[PDB]
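Laid out below as structure tokens are two forms of one and the same protein chain, each shown alone and named structure 1 and structure 2.
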Structure 1
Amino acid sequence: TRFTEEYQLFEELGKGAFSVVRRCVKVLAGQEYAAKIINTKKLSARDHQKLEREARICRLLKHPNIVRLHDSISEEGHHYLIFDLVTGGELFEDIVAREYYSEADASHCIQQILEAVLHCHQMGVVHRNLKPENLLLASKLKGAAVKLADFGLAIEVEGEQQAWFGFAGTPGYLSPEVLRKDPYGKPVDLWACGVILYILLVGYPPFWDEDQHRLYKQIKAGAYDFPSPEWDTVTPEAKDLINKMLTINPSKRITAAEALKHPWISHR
């Protein structure tokens, strides 16, 4: 079929449980991409439908701060996802390496993340799984764009309609409404943006505990600090945006649109 004949495979960039990703060239254009090659023979019916939902949802998104899915091909014993080639690794790795971001860099970073989330929301997509591991740097270059990835847990929403879409995501980044088993939607991503922004500024999260029961109590109670000394030098408008994202009532939580107008971002 059309993958082997339209795309030329080059070296392995990474691997997962049931996938290998290789650099490839669309021979006609000579443009390079990342080909995620999935052995569908080793996938359950459930994983197979997850994959085809992920492919559908990601294809809705066309934004410089989202890892673009250009093509989806279902051949003999394989599924090929053709993505933007990204060579800068995870935002998680960059934060670890640099300890934390200056307010300038943190503001620049979360602005890009909010633009990606806003685009998702305008396309009727809620990610549900925002975290530093799911944000990739386009390159190792100085001012490389942050790109949102992994729509494996993303859902399609009907305008502003909320519903119970199930208990799904990463414990440390789960919104209070999901933990409360409340109907939810777009606001869940803005909670995760708050957790990410907090991490960018001091290099550690607002909610953590070895005991998951106690972690979920902290999140539901919205019990987070700005400890001294590291937060003492952090500007109050930075703390204000975090506070406006980490509100336990999603109806009172700042949206992606409103967040991008917030002084700390719009005056930077």
Structure 2
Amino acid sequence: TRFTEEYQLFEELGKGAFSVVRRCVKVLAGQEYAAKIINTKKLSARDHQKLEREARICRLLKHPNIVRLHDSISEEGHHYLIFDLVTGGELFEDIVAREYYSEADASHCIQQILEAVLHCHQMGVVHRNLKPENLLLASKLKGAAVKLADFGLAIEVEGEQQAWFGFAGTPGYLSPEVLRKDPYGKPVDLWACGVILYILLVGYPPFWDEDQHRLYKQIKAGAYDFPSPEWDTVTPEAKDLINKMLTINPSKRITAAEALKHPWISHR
């Protein structure tokens, strides 16, 4: 079809199971994009449903702080999901470089992340894979806007109806209800937000172990703490929002809407 004719591939930005992400240029327009190239030669019925679901979810979400799908092009043996190019790299890189954010910078960051997650949930989308590697910066100038990316594991949910949608996500960011193999929905994203906000304030995660079984035990038990010295200067209201996000029971866990109204975000 029309990707081969209009677009030109350049360097790899990353690679997946049967997909690669490459910078491309829509030639006649002189505009650059990020092209997710999925290989479609002998895909299962399941794998086709997942591709159409990612495409559908990505078409659904129009928000300042969500990566925009430009186009979805079906060619023989290759599918192209074409997204606005985000040039400031992953949130992950920025945290490591700066070591941690100030509460002001951390608050502005998680505010934009929560406004993105709120929009997802209002549209019946659960990401399941929130982490600093899936948040991109609009530019390399400090205080640039963050953009939620990579909806490959995102699911569609019918209102607040939730269930066992299978084991998916990233170990350190997985919610307790996913590890217990219990019904789950929108709250798994707010648990991940809890992990991200903890990382933003002191520059390391609340759950870590070389042994994955032990990491999962710590997560299921909500066995995190706020050690000296890096927590010594942190406000209790910052610790409060983290606590309300890192709540084991998804019923009593703070929502995106509720978190956006937390004094630490709003009176600021």
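For numbering, take structure 1's sequence and count from 1. Rigid core: the largest C-alpha set superposing within 1.5 Å between the two forms.
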| property | result |
| --- | --- |
| Displaced residue between the two structures, judged on C-alpha after the rigid core is fitted, out of 242, 38, 66, 199 (threshold 2 Å or more) | 38 |
| Smaller rigid segment rotation relative to the larger between the two structures [°] | 20 |
| Residue 20: CA movement between the two structures [superposed on rigid core, Å] | 5.5 |
| Rigid core superposed, the C-alpha shift at residue 114 between the two structures in Å | 0.1 |
